[PDB]
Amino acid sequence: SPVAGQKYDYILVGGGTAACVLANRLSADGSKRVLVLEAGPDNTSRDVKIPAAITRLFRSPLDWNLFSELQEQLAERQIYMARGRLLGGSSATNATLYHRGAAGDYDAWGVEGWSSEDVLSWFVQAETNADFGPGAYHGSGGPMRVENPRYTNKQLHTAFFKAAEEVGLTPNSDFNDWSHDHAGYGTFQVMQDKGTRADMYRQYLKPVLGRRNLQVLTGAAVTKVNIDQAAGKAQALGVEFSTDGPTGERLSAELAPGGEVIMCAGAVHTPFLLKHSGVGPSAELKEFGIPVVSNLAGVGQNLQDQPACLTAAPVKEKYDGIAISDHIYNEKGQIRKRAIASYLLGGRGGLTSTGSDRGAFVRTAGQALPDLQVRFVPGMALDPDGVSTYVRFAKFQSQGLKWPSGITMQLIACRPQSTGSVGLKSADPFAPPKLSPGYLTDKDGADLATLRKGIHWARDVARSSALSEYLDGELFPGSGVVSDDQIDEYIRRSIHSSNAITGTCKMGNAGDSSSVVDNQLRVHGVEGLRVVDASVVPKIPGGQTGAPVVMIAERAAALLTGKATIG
């Protein structure tokens, strides 16, 4: 009905991080008719605008509320995997940390035309930075906003940095500068604009909603890509979707001649929807009676996510009130007047923080690149699951209680060796995906070793002069968790997502039969179908995965508009 009688040059399946970038670049010249279909609503919540309100976005109506299959290797638990459900997708719900990883991460892909030297200019193109001017590693003038965080904890941030230095870590003045080594401690830059969230809805899509050639539908849940098998195999015709959930009528948006469907549903829902479209491992599609259009073993394989555990310690009584928890809430859980005034008057203070924006990259055992990311938070976890503790922190408002003052160090396996999968547990495209993160399944136990050594490193840092001045014992993992076996059990029971998720429709070279797209991001064996999102990442870079997704979308837009070639 909203697409009755229209023809589109591009249909974007999803309106998330990548989709917002493509919607902007593909609609620019006026010539091309662009449709965006997002299952979630418009992006208007104040909980999206205010970085500290990330606490409220977890397990909210603006999240998919995905749980994994039971993981036997993780004390038989289902793992929550946060995913944004609105225009801007996970860019609208994420911790805003700005990471590209290292040059070596893109070289390790081994994909023609996607080396570190190929991708650098596409990172720089996206960027405006408040703290770095033009140079080899930074642009000015791009639609993204990046800045140094506009909250600083006076006592605890400086203490973390001195502590890191005491255990022999060097400062890294720019984690995105590929002319020096990735390892070191410092401040993560953030995708914020004077302390408001600078998500890809705000930066890319919202400014161009006026364009007559761009049509964006919210509440539009795609159910499959329409693919025809006629005189020379499989051709995308468009997309089936409902505007009224499962019971709603199945509408179809149609491509114009020469049009393309671009999958932007992200590393969870893209492979799910491809499988619902007959693109996937033929045995999985047969099991739910889906006709196989393109038998691709790689669809939903190679799921890479960066698993996390944490240590937490209270401060001494005489340091009560110095934590970010004290800067956001008073002792009866009301939002501090000062935090509201600083946010509104100057885009400063606790409300501009997602909490996790200082830390380090560490080599636990002589690896080529750091295996460990540390995220230092100047507040104390009340749960060994940091995502559960963020949810508790949002629920804590107005409860009449005092959050105890202290610190957390989150330990992430940032270059994990384990992989998971996403598939179907049903033929109904409205049912949740069969999600398995596959944490700690790698053959050598490398990921478990990374996190075990992370906990040792966090204990060494907390034992430092700099931090032991402030701290009063340890809450997590606590005195019961000392031996390697005790630490391994604690990690199995508490391991959570640091919210990356890549690689489920991986890009590959010619001859790579585990790949789903070529180096032009085209789905093997289907005409008029591309993937442009986190799904195409061959091998997860170190650090948070949002900026790499924006780099891929910018380059894909340039390829599709004829402004660039690849290979």
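Residue numbers run from 1 along the displayed sequence.
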(message) Quick check on the record: does 231 to 239 or 214 to 222 carry the larger mean Cα temperature factor?
(response) 231 to 239
(message) Can you tell me whether 425 to 433 has a higher mean C-alpha B factor than 366 to 374 in this record, or the other way round?
(response) 425 to 433
(request) Using the temperature factors in the entry, find which of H496, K443, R83, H99 has the highest value at its Cα atom. (result) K443
(message) Just to confirm, going by the entry's C-alpha B-factors, which of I50, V517, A534, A28 comes out highest?
(response) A28
(message) Quick check on the deposited entry: does the C-alpha B-factor of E147 sit in the lowest, middle or highest third of its chain?
(response) lowest
(request) Within this chain's modelled residues, let me know which third the CA B factor of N509 belongs to: lowest, middle or highest. (result) middle
(message) Could you place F288 in the lowest, middle or highest third of its chain by Cα temperature factor, using the values in the record?
(response) highest
(request) Report the third (lowest, middle or highest) to which the CA temperature factor of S121 belongs, ranking only the modelled residues of the same chain. (result) middle
(message) Using the temperature factors of the C-alpha atoms in this entry, rank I79 within its chain: lowest, middle or highest third.
(response) middle
